[PDB]
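J.: Just so you know, the protein sequences line up as chains D and B, in that order. Heads up: take any position in the first sequence, counting from 1, add 1, and you land on the authors' numbering. Heads up: take any position in the second sequence, counting from 1, add 1, and you land on the authors' numbering.
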Amino acid sequence: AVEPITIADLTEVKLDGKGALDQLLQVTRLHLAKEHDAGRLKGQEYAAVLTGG
Amino acid sequence: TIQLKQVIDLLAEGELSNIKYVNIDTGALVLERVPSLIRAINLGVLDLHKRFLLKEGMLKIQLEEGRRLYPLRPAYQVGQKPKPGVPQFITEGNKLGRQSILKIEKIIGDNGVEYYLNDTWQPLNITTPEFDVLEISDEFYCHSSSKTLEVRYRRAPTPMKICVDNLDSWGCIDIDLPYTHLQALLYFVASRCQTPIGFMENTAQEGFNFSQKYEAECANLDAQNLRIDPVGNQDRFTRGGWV
């Protein structure tokens, strides 16, 4: 009953992977994308927030 | 000199998009604070009519000997409501409203003569004691030879009456302005609405910025000379002597 948690479990290198880091980044991207689609973000705060986070 | 209210609101969407007046946060669509928007727009129109002429009107007063004060109010004007205590002596001219007389400018008799306004000690002087009333001295009756008067004055339009049933359309209302002063009116309204909102460094200055842009636009209109401007060329050669 010992499943070894590995780097693949944390994150595989692909952008669309299923790693925890990957999916957290994806949900952050979705929230920012909706914010930009509404008239509330320019295309530069989008990058600033992500890089900070 | 008219504009559909619809176009005005659609454009003011592009500058009130930050705030409550016109937008749900989701699916930005106009709310129903349209009454307050209209009440602001009317004030803006009045201010523009103050700054530039854009209009002028005319009356026709039928004199009555022995009278001292002639008020120009919408109860004495023909076609208005005939209040019993007053005789309706204003017999012709643009329909009078609450804000129509910004300033009386010219008084012309039936003979073509031109009387003097607030020029003390002049031969036949006419005095305005209360900015909307003509005080006519007895010497005028002594040497008048005129049975009627024609008055000209700076006008401001009478705003259309909105109604709770009229909340259906609100798009058939017509603001009374040339399109130039429309471009200016946008900045006026935006400044007034955006002033009392915001607590961040750059968001606390939008009202001030819009006021600055409004002043700049008014100056540009003055420079381009898009308003009425009479310029006088007297004769001076028919008095008999200057030739």
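For each residue, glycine too, the CB sits at the ideal point set by N, CA and C.
Spatial neighbours of B/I109 within its chain, please: C-beta separation below 7 Å, excluding the five flanking residues on both sides.
T.: Around B/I109: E115 and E151.
J.: How about the segment 121-134 of chain B and the segment 65-74 of chain B: do they share at least three Cβ pairs that are nearer than 8 Å?
T.: These segments touch.
J.: Within the chosen definition, does the segment 120-127 of chain B reach the segment 136-144 of chain B through at least 3 CB pairs nearer than 8 Å?
T.: These segments touch.
J.: I think B/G208 touches B/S192, with their Cβ atoms under 8 Å apart; what is that distance to the nearest whole Å?
T.: Contact flag correct, Cβ pair sits at about 5 Å.
J.: Can you find a CB in chain D that lies within less than 7 Å of the CB of B/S101?
T.: Closer than 7 Å: no.
J.: From the beta carbon of D/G44, is the nearest beta carbon of chain B less than 7 Å away?
T.: D/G44 does not count as touching chain B.
J.: Around the Cβ of B/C194, are there at least 16 other Cβ atoms within 10 angstroms (buried) or fewer (exposed)?
T.: Its Cβ being crowded by 16 or more others within 10 Å, B/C194 is buried.
J.: Using only CA atoms, which one of B/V79, B/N24 and B/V190 lies nearest to B/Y215?
T.: Nearest of B/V79, B/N24 and B/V190 to B/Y215, Cα basis: B/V190.
J.: Just how far apart, CA to CA, sit B/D169 and B/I163?
T.: Using only the alpha carbons, I get a separation of about 11 Å.
J.: Are three or more beta carbon pairs between the segment 172-182 of chain B and the segment 34-54 of chain B nearer than 8 Å?
T.: Contact holds: three or more Cβ-Cβ distances are below 8 Å.
J.: Please classify B/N126: does DSSP put it in a helix, a strand, or coil?
T.: Looking at B/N126 - three-state DSSP - the assignment turns out to be strand.
J.: If you compare alpha carbons, which of B/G80, B/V31 and B/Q63 is closest to B/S146?
T.: With distances taken between Cα atoms, B/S146 lies closest to B/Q63.
J.: Considering only C-alpha positions, which residue in the set B/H50, B/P158, B/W122 and B/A157 is nearest to B/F141?
T.: Looking at the Cα atoms, B/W122 is the closest of the given residues.
J.: On the CB-based measure, 16 or more other CB atoms within 10 Å of its CB, does B/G94 come out buried or exposed?
T.: By the neighbour-count rule (16 or more Cβ atoms within 10 Å), B/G94 is buried.
J.: Is B/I174 helix, strand or coil when you go by DSSP?
T.: Coil.
J.: Starting from the beta carbon of B/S18, find every residue of chain D whose beta carbon is closer than 7 Å, and list them in chain order.
T.: Those are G40, listed as they occur along chain D.
J.: Quick check on B/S101: buried or exposed, where buried means 16 or more other Cβ atoms within 10 Å of its Cβ?
T.: Burial call: buried.
J.: Starting from B/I105, trace the beta strand (DSSP E) both ways and give me its first and last residue.
T.: First-last of the beta strand (DSSP E) with B/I105: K104 to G110.
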